[PDB]
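Worksheet: the structure to be examined is printed underneath.
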Amino acid sequence: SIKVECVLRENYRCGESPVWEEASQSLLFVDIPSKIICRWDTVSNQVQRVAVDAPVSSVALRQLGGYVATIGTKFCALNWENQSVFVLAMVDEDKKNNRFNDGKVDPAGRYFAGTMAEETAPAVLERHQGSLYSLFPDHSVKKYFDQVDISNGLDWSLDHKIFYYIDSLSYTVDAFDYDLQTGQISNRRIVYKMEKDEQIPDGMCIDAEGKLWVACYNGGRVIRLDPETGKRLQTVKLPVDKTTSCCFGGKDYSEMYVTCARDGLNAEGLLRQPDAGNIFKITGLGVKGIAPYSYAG
Ligand SMILES: OC[C@H]1OC[C@H](O)[C@@H](O)[C@@H]1O
Ligand SMILES: OC[C@H]1OC[C@H](O)[C@@H](O)[C@@H]1O
Ligand SMILES: OC[C@H]1OC[C@H](O)[C@@H](O)[C@@H]1O
Ligand SMILES: OC[C@H]1OC[C@H](O)[C@@H](O)[C@@H]1O
Ligand SMILES: [Ca+2]
């Protein structure tokens, strides 16, 4: 029943931030070092790209039209019709060598995204240089906490009272109390401790049953976690090791899309993993996900 299929063979260097746009039946994502925001029309099977001038680490839908994205250390807005990209807000202005990493829109339309020191190789970087931010609908930015190694996967409970969060080099999935009307968070705690063979926790999405799916970078898998118990429910393996993120999409959010990377693989690794950097689809998981929220500014 569970089927893993490589569905887009474009060999991205580090595919990240998959988000399903049901209005266009398209998958949006980024290829970070390639400095492109990608939109894959799954019907026509055509990919369109917007080139940007710095590494781009996440993309989200913008409610009023178009898209938003994290490029370098700037929150940016994109009009797809004119390919125009402009800055909404900047962060980490006191940092020499930082960039945004993962980001996602909360259930009130705020664009959460966190930063990291820039890497020279995978997970080789200055420690604790990142912070978590959110871009509010009025374009102001809230700073939540600092000392982040690599800001990564994040999502919100279905009752909108819990915020789930991954700093990759903590090797844990954490939770906070979260207030929907204000976007405030409180009382960080560990919810899941990654096993050795699960490697580095990367991207994460919630499903319609309130369980969490986490992409395991270097672990060649996604895992399903119960945040209520702190236990793993399921593991699904993929034929690429550097699985970076996941989201639900397609008909009624019943299909999972998984991004991955070829950056960091040596000659032998590339040969063992011919689909490194491609987009995968997983069907038959037996759960559906939920629609992404759109940025409200
Ligand atoms: O550290 C290697 C990779 O780990 C996963 C991060 O999301 C990505 O930005 C980073 O480049
Ligand atoms: O001051 C009370 C208010 O504090 C903020 C909460 O989001 C709101 O629901 C509550 O009513
Ligand atoms: O959302 C389900 C659970 O997720 C983990 C949180 O630490 C816990 O407080 C919450 O009840
Ligand atoms: O309520 C503000 C915003 O919250 C996110 C929703 O996806 C968007 O439609 C809404 O406009
Ligand atoms: Ca990531």
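These numbers come from the heavy atoms of this one structure, side chains and all, not from hydrogens, waters or symmetry mates. Counting begins at 1 with the first residue of the sequence.
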Indicate yes or no: at least one non-hydrogen side-chain atom of [X] is less than 4.5 angstrom from one of [Y].
X      : Y      : answer
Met116 : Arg99  : yes
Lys288 : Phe248 : no
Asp263 : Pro33  : yes
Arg110 : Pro137 : yes
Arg221 : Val236 : no
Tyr12  : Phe29  : yes
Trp20  : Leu27  : yes
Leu285 : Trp213 : yes

Check whether more than 12 heavy atoms from other residues, nucleotides or ligands sit under 6.0 Å from atom [atom1] of [X], and answer yes or no.
X      : atom1 : value
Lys74  : NZ    : no
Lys211 : NZ    : yes
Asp53  : CG    : no

Item to check | From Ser168, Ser245, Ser170, residue fulfilling side chain to side chain donor-acceptor pair (under 3.5 Å) relative to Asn152 | outcome: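 Only match with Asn152 under side chain to side chain donor-acceptor pair (under 3.5 Å): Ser168.
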Checklist entry - Under the criterion side chain to side chain donor-acceptor pair (under 3.5 Å), which of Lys161, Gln184, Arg189 is the partner of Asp177? => result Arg189
Donor-acceptor pair, distance only, cut-off 3.5 Å: does the side chain of [X] make one with the backbone of [Y]?
X      : Y      : result
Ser1   : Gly284 : no
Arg62  : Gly297 : yes
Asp155 : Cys205 : no
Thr243 : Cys260 : no

Checklist entry - Side chains of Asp92 and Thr73: do they bring a donor and an acceptor to under 3.5 Å? => result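 Not at all, the side chains of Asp92 and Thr73 share no donor-acceptor pair under 3.5 Å.
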Item to check | Distance-only side-chain donor-acceptor flag, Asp252 / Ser254, under 3.5 Å | outcome: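 No donor-acceptor contact under 3.5 Å links the two side chains.
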Next on the checklist: Among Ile223, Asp167, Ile190, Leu225, which residue satisfies the side chain to side chain contact (heavy atoms under 4.5 Å, CB included) criterion with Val173?
Outcome noted: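 Exactly one candidate clears the test, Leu225.
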Next on the checklist: Could you work out, with side-chain hydrogen bond (donor to acceptor under 3.5 Å, both in side chains) as the rule, every residue matching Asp275, not counting sequence neighbours?
Outcome noted: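 So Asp275 forms a side-chain hydrogen bond (donor to acceptor under 3.5 Å, both in side chains) with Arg9, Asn278.
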Next on the checklist: Which residues end up grouped with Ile185 if you chain together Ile, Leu, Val, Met, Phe, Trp and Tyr wherever their side-chain heavy atoms are less than 4.5 Å apart?
Outcome noted: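 In the cluster with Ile185 are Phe112, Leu132, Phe136, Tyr144, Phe145, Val148, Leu154, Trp156, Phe163, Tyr165, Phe176, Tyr178, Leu180.
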Checklist entry - Are any of the side-chain nitrogens in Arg224 or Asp207 under 4.0 Å away from the carboxylate oxygens of its partner? => result yes
Checklist entry - Taking all atoms of both residues into account, what is the closest heavy-atom pair of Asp138 and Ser140, and its distance? => result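 Closest approach of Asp138 to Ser140, heavy atoms only: OD1-OG, 2.6 Å.
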Item to check | Derivation and outcome, salt bridge (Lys or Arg N to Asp or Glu O under 4.0 Å), residues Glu10 and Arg49 | outcome: CA-CA 12 Å; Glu10 298 270 302; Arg49 300 155 204 92; 3.1 Å; yes
